[PDB]
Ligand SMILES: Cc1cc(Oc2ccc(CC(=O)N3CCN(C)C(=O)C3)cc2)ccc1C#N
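Here you get one chain, nothing else, as structure tokens; it is the form deposited without this ligand.
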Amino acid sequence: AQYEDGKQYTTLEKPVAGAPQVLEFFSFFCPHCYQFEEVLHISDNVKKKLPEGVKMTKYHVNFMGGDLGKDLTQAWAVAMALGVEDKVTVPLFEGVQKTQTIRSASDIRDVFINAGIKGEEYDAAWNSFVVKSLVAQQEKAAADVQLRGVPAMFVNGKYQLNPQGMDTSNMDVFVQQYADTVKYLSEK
């Protein structure tokens, strides 16, 4: 087959029922995640190829970066709750990995303040039970698929993308193969 179980994707030994249709995991500490999001723009290109009625979810993980990693999972919950993912993703990646100016929870907050979220609104969201539930959802989704690395993408709780054997000499061709594979998996 052109797409083969065990090659371009793997089928989860213990499928996860009720999972999101397309589920990404990342860490703002993760160098390949920086490439995936900042240089390759994987999520955007996957979205552009996906059928009607297939929605995408992206969650942060705790297992990189210790205390600040867990602070970033809560900040990502704030971003989701406020709908400001597209305003804070680049400055959070750059703050952690490029300028290395994000060293504390206050530095994370500064990114949201600079992006135009009012301080009282950020603080209310940060401390809210709506955000606690989003943090729990991110942790549960990672636990469901027994996640030990990022970046990772899962389709319909059944299939995991396997980019490692793909040709990466051309960034655009790689992204297109990745997106076309997600599309194929979504149609199974």
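Definition used throughout: the rigid core is the maximal C-alpha set that superposes within 1.5 Å between two forms. Residues that one form lacks are left out of the comparison. When you see a residue number, it is the position in the sequence shown, counting from 1.
Note that the form deposited with this ligand bound isn't included here; everything after this is about it.
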query	finding
Selected contact from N45, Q35, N156, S128, since only one has a non-hydrogen atom within 4.5 angstroms of this ligand in the bound PDB entry	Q35
Partner contact for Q164 in the bound PDB entry: this ligand, 4.5 angstroms, heavy atom	yes
Contact flag, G149 vs this ligand in the bound PDB entry, heavy atom cut 4.5 Å	yes
Contact of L40 with this ligand in the bound PDB entry (heavy atom, 4.5 Å)	yes
Candidate site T168, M171 and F174: all three near this ligand in the bound PDB entry by heavy atom within 4.5 Å	yes
Regions of at least 3 residues displaced between this form and the one not shown by 2 angstroms or more (CA, core superposed)	168-170
